[PDB]
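Residue numbers (full-length UniProt numbering), protein chains in the order written: chain A, 2 to 115; chain B, 2 to 115; chain C, 2 to 115. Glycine included, C-beta positions come from ideal geometry on N, C-alpha and C.
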Amino acid sequence: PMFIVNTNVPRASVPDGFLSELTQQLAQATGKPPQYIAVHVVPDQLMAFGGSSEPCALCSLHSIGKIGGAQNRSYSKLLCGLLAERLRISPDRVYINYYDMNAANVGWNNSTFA
Amino acid sequence: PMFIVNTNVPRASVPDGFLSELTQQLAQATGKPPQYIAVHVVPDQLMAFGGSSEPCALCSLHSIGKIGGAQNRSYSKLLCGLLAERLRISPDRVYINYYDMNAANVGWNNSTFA
Amino acid sequence: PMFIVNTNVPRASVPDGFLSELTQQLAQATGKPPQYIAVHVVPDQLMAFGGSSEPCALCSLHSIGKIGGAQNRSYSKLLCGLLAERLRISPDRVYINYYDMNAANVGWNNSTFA
Ligand SMILES: CS(=O)(=O)Nc1cc2occ(NC=O)c(=O)c2cc1Oc1ccccc1
């Protein structure tokens, strides 16, 4: 799985250990080994949410499976929780787009997962 | 809805008020309240279009519905218009990818929109 | 088509001519004329892969068509190969998401491709 967070929160406000925390928590939540988890955080972004420049985030979670109604609610609670605790972003100022990727459409190590 | 612009135009060339303008114009065009519109501009990017580094943009519009043939033509005229007027990017050096998101695949406020 | 690479490799390690090489090699591989190819490279990123901050990349390739089982395998071999040679990224630390875009969902030059 791959999780990306784009935020206007400044780099200095991203705490040490945040990528490792996301890796671990996402491994746990998706039921996958951590070796499969990639995380990417992009601070200092020029963004607004509802026209306000208050802290906000625009994120994506891509996975081969483990995406669906209930699962996505559970990921959103987990992820908005981390963003609120660590980056002081209100959950109502977070959007997370979820993508169920087909194995044939994910490249890795010179091939795909198909 | 969420609109992202990645461009090689420099940060100083993004006018003050641009994120607000995009928010308002997209609220109008989508017919959704502005509280739901998120906008994200990423200048100073290492980019080419057609092998040239003249000003260009790579953009994305995600919406739960309000995506389709005619709508997307209208959005493209609107958004290329804004990018040409405000950032001086030629419409033929803009790509916009449109995504009709399922409500279950959009996380917000600890849950999803399903 | 549009190809994006996000990486923790520093900007100074991205060689001159990398965007042009990606453009040409993508045109070779997809068959699309080089005038239609857009490329975007984002270095200096805060990312991890498998919980490690060794060199890695998260990429995307969007195209109207020219996406599928065998094509995507071939793109991955190509693109991992370029990343390894030019940016010294191990192929097993690269993910590439492939998107077959509907023509109605790609804006350009004030309209869409539908
Ligand atoms: C890069 S692409 O993946 O978005 N595809 C294309 C990009 C293009 O850009 C410029 C064009 N004309 C003048 O410039 C095009 O006609 C054009 C066509 C593209 O492909 C198709 C293939 C079948 C149906 C619809 C579109």
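Within chain B, the residues that residue 78(A) reaches when beta carbons sit closer than 8 Å: 111 and 112
Residue 93(C) in three-state terms, based on DSSP: helix
Which chain B residues are close to residue 8(C), counting only those with a beta carbon under 9 Å from its beta carbon? Those within 9 Å of residue 8(C) in chain B number zero; the least Cβ separation is about 11 Å.
For the alpha helix (DSSP H) containing residue 53(C), list its first residue and its last residue. According to the DSSP assignment, residue 53(C) belongs to no alpha helix (DSSP H), since it is labelled neither H nor E.
Can you check whether the C-beta of residue 36(B) is within less than 8 Å of a C-beta belonging to chain A? yes
Using only the alpha-carbon positions, how far apart do residue 8(A) and residue 81(B) sit? 25 Å
Bridge partners - residue 3(B), DSSP secondary structure assignment: Residue 3(B) has 39(B) and 63(B) as its beta-bridge partners, per DSSP.
Can you tell me which of the three DSSP states residue 69(C) falls into? coil
Just to confirm before moving on: does the CB-CB distance between residue 98(C) and residue 102(A) stay below 8 Å? yes
So, is the C-beta of residue 106(B) closer than 8 Å to a C-beta in chain A? So, interface residue.
8 Å CB neighbourhood of residue 93(C) in its chain, flanking five on each side removed: Setting aside the 5 residues that flank it on each side, residue 93(C) has no residue in the same chain whose C-beta is closer than 8 Å to its C-beta.
Close Cβ partners of residue 42(C) (< 7 Å) along its chain, the five nearest in sequence each way excluded: Excluding positions up to five away in sequence, the list reads 6, 15, 19 and 20.
CB-CB under 7 Å to residue 3(A), same chain, minus the five flanking residues each way: which ones, in chain order? Counting only Cβ-Cβ distances below 7 Å, and skipping sequence neighbours, we find 39 and 63.
Beta-carbon proximity of residue 113(B) to residue 77(A), cut-off 8 Å: yes
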